[PDB]
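Participant: Structure file structure19.pdb (PDB, C-alpha atoms) is given on the next line.
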```pdb
ATOM      1  CA  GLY A   1      94.784 126.608 122.331  1.00  0.00           C
ATOM      2  CA  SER A   2      93.816 125.211 118.922  1.00  0.00           C
ATOM      3  CA  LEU A   3      97.177 123.644 117.957  1.00  0.00           C
ATOM      4  CA  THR A   4      95.545 120.240 117.540  1.00  0.00           C
ATOM      5  CA  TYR A   5      93.409 118.151 115.137  1.00  0.00           C
ATOM      6  CA  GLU A   6      91.489 121.228 113.889  1.00  0.00           C
ATOM      7  CA  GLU A   7      94.879 122.892 113.238  1.00  0.00           C
ATOM      8  CA  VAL A   8      96.591 120.066 111.302  1.00  0.00           C
ATOM      9  CA  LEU A   9      93.550 120.109 108.985  1.00  0.00           C
ATOM     10  CA  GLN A  10      94.055 123.751 107.930  1.00  0.00           C
ATOM     11  CA  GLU A  11      97.635 122.833 106.943  1.00  0.00           C
ATOM     12  CA  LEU A  12      96.461 120.040 104.611  1.00  0.00           C
ATOM     13  CA  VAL A  13      94.416 122.566 102.574  1.00  0.00           C
ATOM     14  CA  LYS A  14      97.213 125.159 102.860  1.00  0.00           C
ATOM     15  CA  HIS A  15      99.799 122.899 101.198  1.00  0.00           C
ATOM     16  CA  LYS A  16      97.099 121.581  98.842  1.00  0.00           C
ATOM     17  CA  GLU A  17      96.186 125.003  97.399  1.00  0.00           C
ATOM     18  CA  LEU A  18      99.846 126.107  97.634  1.00  0.00           C
ATOM     19  CA  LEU A  19     100.825 123.266  95.264  1.00  0.00           C
ATOM     20  CA  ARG A  20      97.975 124.202  92.902  1.00  0.00           C
ATOM     21  CA  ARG A  21      98.711 127.937  92.634  1.00  0.00           C
ATOM     22  CA  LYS A  22     102.448 127.208  92.221  1.00  0.00           C
ATOM     23  CA  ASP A  23     101.686 125.395  88.944  1.00  0.00           C
ATOM     24  CA  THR A  24      99.061 127.970  87.918  1.00  0.00           C
ATOM     25  CA  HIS A  25     101.768 130.670  88.171  1.00  0.00           C
ATOM     26  CA  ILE A  26     104.295 129.028  85.826  1.00  0.00           C
ATOM     27  CA  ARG A  27     101.276 128.226  83.626  1.00  0.00           C
ATOM     28  CA  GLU A  28      99.802 131.756  83.585  1.00  0.00           C
ATOM     29  CA  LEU A  29     103.216 133.452  83.280  1.00  0.00           C
ATOM     30  CA  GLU A  30     103.931 131.240  80.238  1.00  0.00           C
ATOM     31  CA  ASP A  31     101.210 133.165  78.357  1.00  0.00           C
ATOM     32  CA  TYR A  32     102.963 136.514  78.888  1.00  0.00           C
ATOM     33  CA  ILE A  33     106.290 134.952  77.858  1.00  0.00           C
ATOM     34  CA  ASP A  34     104.744 133.702  74.584  1.00  0.00           C
ATOM     35  CA  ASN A  35     104.510 137.334  73.350  1.00  0.00           C
ATOM     36  CA  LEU A  36     108.115 136.960  72.124  1.00  0.00           C
ATOM     37  CA  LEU A  37     107.230 133.790  70.189  1.00  0.00           C
ATOM     38  CA  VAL A  38     103.457 134.226  69.750  1.00  0.00           C
ATOM     39  CA  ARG A  39     102.091 130.713  69.195  1.00  0.00           C
ATOM     40  CA  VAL A  40     101.829 130.865  65.404  1.00  0.00           C
ATOM     41  CA  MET A  41     103.531 127.660  64.212  1.00  0.00           C
TER
ATOM     42  CA  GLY B   1      88.314 104.688 113.173  1.00  0.00           C
ATOM     43  CA  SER B   2      91.705 105.465 111.625  1.00  0.00           C
ATOM     44  CA  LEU B   3      90.476 108.012 109.046  1.00  0.00           C
ATOM     45  CA  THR B   4      90.812 110.775 111.633  1.00  0.00           C
ATOM     46  CA  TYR B   5      93.422 112.975 113.391  1.00  0.00           C
ATOM     47  CA  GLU B   6      96.069 110.206 113.222  1.00  0.00           C
ATOM     48  CA  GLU B   7      95.331 109.937 109.471  1.00  0.00           C
ATOM     49  CA  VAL B   8      95.536 113.644 108.533  1.00  0.00           C
ATOM     50  CA  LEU B   9      98.986 113.641 110.181  1.00  0.00           C
ATOM     51  CA  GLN B  10     100.413 110.977 107.836  1.00  0.00           C
ATOM     52  CA  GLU B  11      99.314 113.164 104.895  1.00  0.00           C
ATOM     53  CA  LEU B  12     101.266 116.186 106.190  1.00  0.00           C
ATOM     54  CA  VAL B  13     104.525 114.169 106.066  1.00  0.00           C
ATOM     55  CA  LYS B  14     103.477 112.557 102.759  1.00  0.00           C
ATOM     56  CA  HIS B  15     103.146 115.906 100.960  1.00  0.00           C
ATOM     57  CA  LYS B  16     106.175 117.212 102.886  1.00  0.00           C
ATOM     58  CA  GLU B  17     108.572 114.493 101.665  1.00  0.00           C
ATOM     59  CA  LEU B  18     106.830 114.456  98.254  1.00  0.00           C
ATOM     60  CA  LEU B  19     107.758 118.137  97.772  1.00  0.00           C
ATOM     61  CA  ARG B  20     111.344 117.418  98.866  1.00  0.00           C
ATOM     62  CA  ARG B  21     112.011 114.437  96.580  1.00  0.00           C
ATOM     63  CA  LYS B  22     110.391 116.281  93.640  1.00  0.00           C
ATOM     64  CA  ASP B  23     113.152 118.918  93.834  1.00  0.00           C
ATOM     65  CA  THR B  24     115.845 116.307  94.541  1.00  0.00           C
ATOM     66  CA  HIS B  25     114.894 114.588  91.250  1.00  0.00           C
ATOM     67  CA  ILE B  26     115.303 117.636  88.988  1.00  0.00           C
ATOM     68  CA  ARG B  27     118.462 118.340  91.017  1.00  0.00           C
ATOM     69  CA  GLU B  28     119.966 114.834  90.732  1.00  0.00           C
ATOM     70  CA  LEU B  29     118.931 114.412  87.075  1.00  0.00           C
ATOM     71  CA  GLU B  30     120.690 117.723  86.299  1.00  0.00           C
ATOM     72  CA  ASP B  31     124.015 115.985  87.044  1.00  0.00           C
ATOM     73  CA  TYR B  32     123.429 113.322  84.374  1.00  0.00           C
ATOM     74  CA  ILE B  33     122.352 116.021  81.900  1.00  0.00           C
ATOM     75  CA  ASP B  34     125.610 117.941  82.500  1.00  0.00           C
ATOM     76  CA  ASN B  35     127.545 115.147  80.706  1.00  0.00           C
ATOM     77  CA  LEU B  36     126.756 116.953  77.427  1.00  0.00           C
ATOM     78  CA  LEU B  37     128.144 120.233  78.791  1.00  0.00           C
ATOM     79  CA  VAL B  38     130.465 118.964  81.557  1.00  0.00           C
ATOM     80  CA  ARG B  39     133.630 116.921  82.223  1.00  0.00           C
ATOM     81  CA  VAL B  40     133.161 113.407  80.816  1.00  0.00           C
ATOM     82  CA  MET B  41     134.997 110.193  81.749  1.00  0.00           C
TER
END
```
Would you give me this structure, written as structure tokens?

Facilitator:
Amino acid sequence: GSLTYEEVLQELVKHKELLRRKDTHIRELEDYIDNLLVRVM
Amino acid sequence: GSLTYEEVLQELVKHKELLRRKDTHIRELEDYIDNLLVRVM
């Protein structure tokens, strides 16, 4: 059906955003973890 | 020209292998780091 050029494109953005969020998670979660050692040094 | 279907494909494998190696690095480097807390020769 559409498993062609138009399809391979969607993947490119899929992986793209997937690699962005992945870092944003460890970055955002690091804020909640700071509570223990609230950045005051 | 070349910046088309055939091009977007190459990217898919680029990111693919790039995400594999990335993990293989932190995995392989972990062996060298063990020296401190691991059997030394």

Participant: If you apply the PyMOL selection byres ((chain A) within 10 of (chain B)) to this file, what residues do you get, as number ranges by chain?

Facilitator: A: 4-6, 8-9, 11-12, 15-16, 19

Participant: I'd like the superposed chain A, fitted onto chain B by least squares over all Cα atoms in order, as a tab-separated table (two decimals) with C-alpha atoms, in the frame of the given file.

Facilitator:
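Written out: result-v7.tsv:
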```
chain	number	residue	atom	x	y	z
A	1	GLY	CA	86.62	105.76	110.53
A	2	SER	CA	90.18	107.08	110.84
A	3	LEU	CA	89.73	110.43	109.05
A	4	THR	CA	90.94	112.31	112.12
A	5	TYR	CA	94.10	113.30	114.04
A	6	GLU	CA	95.90	110.05	113.11
A	7	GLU	CA	95.00	110.77	109.45
A	8	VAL	CA	96.17	114.42	109.24
A	9	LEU	CA	99.54	113.18	110.56
A	10	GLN	CA	100.12	110.80	107.62
A	11	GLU	CA	99.56	113.76	105.27
A	12	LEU	CA	102.29	115.84	106.96
A	13	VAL	CA	104.89	113.13	106.16
A	14	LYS	CA	103.34	112.57	102.71
A	15	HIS	CA	103.87	116.20	101.63
A	16	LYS	CA	107.19	116.24	103.51
A	17	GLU	CA	108.73	113.32	101.58
A	18	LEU	CA	106.94	114.45	98.39
A	19	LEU	CA	108.81	117.79	98.56
A	20	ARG	CA	112.10	115.96	99.18
A	21	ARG	CA	111.87	113.46	96.31
A	22	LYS	CA	110.72	116.24	93.93
A	23	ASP	CA	114.09	117.97	94.40
A	24	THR	CA	116.00	114.67	94.35
A	25	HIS	CA	114.52	113.99	90.88
A	26	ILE	CA	115.67	117.24	89.23
A	27	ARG	CA	118.96	116.66	91.08
A	28	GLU	CA	119.46	113.03	89.99
A	29	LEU	CA	118.23	113.67	86.42
A	30	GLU	CA	120.79	116.51	86.16
A	31	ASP	CA	123.55	113.85	86.26
A	32	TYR	CA	122.19	112.06	83.18
A	33	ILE	CA	121.80	115.40	81.38
A	34	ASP	CA	125.47	116.25	82.07
A	35	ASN	CA	126.53	113.50	79.60
A	36	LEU	CA	126.15	116.10	76.82
A	37	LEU	CA	128.42	118.55	78.67
A	38	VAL	CA	130.37	116.17	80.94
A	39	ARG	CA	131.60	118.32	83.83
A	40	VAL	CA	135.15	118.89	82.57
A	41	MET	CA	135.66	122.67	82.87
```

Participant: Report the distance between CA of residue 17 in chain A and CA of residue 17 in chain B in Å, rounded to one decimal place.

Facilitator: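 So the two atoms, CA of residue 17 in chain A and CA of residue 17 in chain B, lie 16.8 Å apart.
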
Participant: In Å, how far is it from CA of residue 27 in chain A to CA of residue 20 in chain B?

Facilitator: 21.2 Å

Participant: Can you work out the spacing between CA of residue 13 in chain B and CA of residue 29 in chain B in Å, to one decimal?

Facilitator: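 Distance reported for this atom pair: 23.8 Å.
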